[PDB]
Structures are given as structure tokens and as C-alpha cells.
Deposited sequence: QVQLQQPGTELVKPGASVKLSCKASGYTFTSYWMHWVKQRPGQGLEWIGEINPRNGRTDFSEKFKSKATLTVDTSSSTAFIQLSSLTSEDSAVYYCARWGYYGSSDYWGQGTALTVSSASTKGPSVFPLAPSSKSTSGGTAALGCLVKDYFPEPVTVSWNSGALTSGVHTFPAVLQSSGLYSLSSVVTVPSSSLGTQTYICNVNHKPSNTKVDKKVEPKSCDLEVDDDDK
């Protein structure tokens, strides 16, 4: 019954400030400290700070005593973190968590994925990765390039092809736009018969692309 509710994502420009929320329910909000925790892609958890909603008492890790401000709204059982003068380094998932009666973080929110970037919202271009010509099993795919922000979704043959597909994590290019690849392995005896199409959907820019992938001539 204890739940901590956080928004999914937040996108802001460098130099801006942002206020992240965590709405608590199923317990007496003022009876437990609230904690915040940062996690950058593929890295470990990093404790940020804590607030006592009864007290207003707060504490921060060394690295964050200058960057964040903790507040609560007891009438709405919500805790907030405000992060100032943001840079790309601050892009991360930020979790709120309840500190238990004896300590330990016994309940967690789903986290807010914060992206700090100056890049414009933009849908991707989709290019075929054509199966080699000169075949027991062959590979093919599509390269999904130059979109912002995450995510895109990729399927094959409008959902009919799921076995053998690998869709790689997106990488951030120096331009500040993302790129990913999706590939699939198929019996090459079916290359001159079977049609392969990737279906790319990018909801943030309302862009949808269907790219046939064929052997070249």
C-alpha cells in the first residue's frame, strides 16, 4: 500500500533549474525521512540528501550541498528536490525513497529520468543495413539516426518478426542527437522471397517511419 509516485521524464536546457516531485501515499508522511538518490546510465546509486517532513531538517552529501534544495508540502504528502544551474552532468534518473523506521531505503519511487540538453526535438532518419550479397543465416537491420529525445521504438514486419532481433541501446553523438541500430538474423535462403520492413516510432516528435530493407543490386 506504500507508494511513492514520480513523473516519468523531464527535459530542460543547460543553465535552467528544475523541481522534481515525489507524491507519497499509504503511510503517515510526516513519520519518515524522505531520501533522494541519483543514478547515471549504467552507473551506481549515489545518495544525494534527505529531508524530515515533520521537522524540515535536511542533510546532503558533500557534492550536492551546493546544487540541490529539498522541500515538502505536508498537506499533499509530496516531497520536492530543486536542482539549479543544470549541466549535462546532471542528466540521470533521480529516485525518491522512504527511509525506514530503523533506517534503510525500504520503498522506492519509479524515478524521474532528467535530461539536460540544448538539442531540438527531432525525429530520426532510418537507413537500411542491407544483407550481404555473396548463405545459411544472414543479417540485416536498420540504422536509426539523429533523433532527440529518447526513446524510439523499433519492430520488424509490424510485429510479425520477433525471434532473432537485437535492438541496441542508443548512443549519444557529439551533435547531441541519438542513434541506435536494430538488427535481425534470418535464413538467407529466404532473402529473395521474404520482405523485411522495420517500423520506427518516435513519439516525442510524432514521427513514424517504415523502411524496407532489401539486398542491394
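- Stretches of the deposited sequence lacking C-alpha coordinates, numbered from 1: 135 to 137, 221 to 230.
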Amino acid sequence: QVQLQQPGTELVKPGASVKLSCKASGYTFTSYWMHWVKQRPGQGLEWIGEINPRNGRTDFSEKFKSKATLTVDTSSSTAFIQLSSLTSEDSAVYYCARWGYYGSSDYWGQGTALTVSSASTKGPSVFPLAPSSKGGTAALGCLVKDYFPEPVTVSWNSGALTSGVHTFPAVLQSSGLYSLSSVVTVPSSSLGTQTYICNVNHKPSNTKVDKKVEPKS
From here on, numbers count along this sequence of modelled residues.
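- Here 66 to 74 and 186 to 194 are compared by their mean Cα B-factor, and 186 to 194 comes out higher.
- The deposited model assigns a higher average Cα B-factor to 168 to 176 than to the other stretch when 168 to 176 and 43 to 51 are compared.
- Take 105, 110, 82, 85 and read off each C-alpha B-factor from the entry; 85 has the highest.
- In the deposited coordinates, the residue among 143, 119, 114, 96 with the greatest CA B-factor is 119.
- The entry lists a Cα temperature factor for residue 161 that places it in the highest third of the chain's modelled residues.
- Per the deposited record, the Cα B-factor of residue 129 falls in the middle third when ranked against the other modelled residues of its chain.
- In this PDB entry, the Cα temperature factor of residue 1 sits in the top third of its chain's modelled residues, the highest group.
- In the deposited entry, the Cα temperature factor of residue 207 sits in the top third of values across the chain's modelled residues.
- Residue 21 sits in the middle third of its chain by CA B factor, as recorded in the PDB entry.
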